[PDB]
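Below, each chain spelled out in residue letters.
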Amino acid sequence: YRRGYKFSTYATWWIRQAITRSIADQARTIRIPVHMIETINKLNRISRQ
DNA sequence: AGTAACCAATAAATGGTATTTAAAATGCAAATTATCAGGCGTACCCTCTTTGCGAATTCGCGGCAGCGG
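Reading the values: the criteria
- Residues numbered from 1 in each chain as written, not as in the entry; some residues may be left out.
- Chains lettered and ligands numbered in written order.
- Part of a larger assembly, values for the part shown.
- Heavy atoms only, no water.
- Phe/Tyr/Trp six-rings, centres within 6.5 Å; stacked < 30°, edge-to-face > 60°.
- Helix = DSSP H or I, 4+ residues; strand = E, 2+ residues; numbered from the N terminus.
- Buried < 20%, exposed > 50% of the residue type's maximum accessible area, 1.4 Å probe, protein only.
- 1 Å grid on protein atoms, 1.4 Å probe; cavity = no way out; pocket = protein on both sides within 12 Å on 5 of 7 lines; lining within 4 Å.
- Points joined across faces, edges and corners; volume = space filled by probe spheres on them.
- Near = heavy atom within 4 Å.
- Polar contact = N/O pair within 3.5 Å; in protein donor to acceptor, adjacent residues only side chain to side chain.
- Nonpolar A, V, L, I, M, F, W, Y, C, P; charged D, E, K, R; others polar.
- Expected span 1.5 Å × (residues − 1).

**Considering the packing of aromatic side chains**
Then, number 1: Counted by the stated rule, this structure contains one aromatic pair.
Then, number 2: Between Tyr 10 and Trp 14, the ring centres sit 6.4 Å apart and the planes meet at 90°, which makes this aromatic pair edge-to-face. Residue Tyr 10 and its partner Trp 14 are located together in helix α1 (residues 7–25), separated by four residues, close to a single helical turn. An identical accessibility class is assigned to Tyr 10 and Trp 14; each is exposed.

Next comes the structure, spelled out in structure tokens:
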């Protein structure tokens, strides 16, 4: 709290990180590593636009 | 334009028994580079809300249930 910021501002980053890291590790039968998941997500975001 | 198979002889006829030759080639296990795979962190503020809508008008049957003398 010494930083003087609202709690939610800090907490949201950790929550997003945890959720996304898990959805990368689990959720596939054959486990693609994290970095490849990031690259595939970039690929898909570029393809739509 | 000349008979011999006489008895020695000559080594050539083989395909078989091996310790060699070292060169090669052929494999073998290191060093040594690339690249992949994990972990951490992010400071304006954000606070039950999304769902399934229906393994979808079945039907007939059974029976284990709650209310009731």
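Back to the text.
**Looking at the layout of surface pockets**
Then, number 1: By volume, the largest pocket amounts to about 180 Å³.
Then, number 2: Along the walls of the largest pocket sit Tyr 1, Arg 3, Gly 4, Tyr 5, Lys 6, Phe 7, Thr 9 and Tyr 10, which together make up its complete lining.

**A word on unusual backbone geometry**
Then, number 1: Of note, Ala 27 is a non-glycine position whose phi angle comes to about 75°, a positive value.
Then, number 2: Position of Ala 27 relative to the elements: it lies in the loop between α1 and α2 (34–48).

**Some remarks on the protein's contact with DNA strand B**
Then, number 1: As a structural note, the neighbourhood of DNA strand B is formed by 14 residues, with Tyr 5, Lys 6, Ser 8, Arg 21 and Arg 31 the closest of them.
Then, number 2: Counting only the atoms of DNA strand B that lie within 4 Å of the protein, the sugar and phosphate share comes to 52%.
Then, number 3: Within the contact set of DNA strand B, a phosphate oxygen lies 3.4 Å away from a side-chain nitrogen or oxygen of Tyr 10.
Then, number 4: Per-element accounting of the surface near DNA strand B gives the leading share, eight residues, to α1.
Then, number 5: Split into classes, the residues belonging to the surface near DNA strand B amount to five nonpolar, five polar and four charged.

**Examining the environment of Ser 47**
Then, number 1: As for its placement among the helices and strands, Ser 47 is situated in helix α2.
Then, number 2: Taking the C-alpha atoms as reference points, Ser 47 and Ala 24, separated by 23 residues in sequence, lie 20 Å from one another.

**Topic: α1**
Then, number 1: Spanning 19 residues, α1 covers 28 Å between terminal C-alpha atoms, matching the ideal 27 Å at 1.5 Å per step.
Then, number 2: Just past α1, the residue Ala 27 takes up positive phi, approximately 75°.

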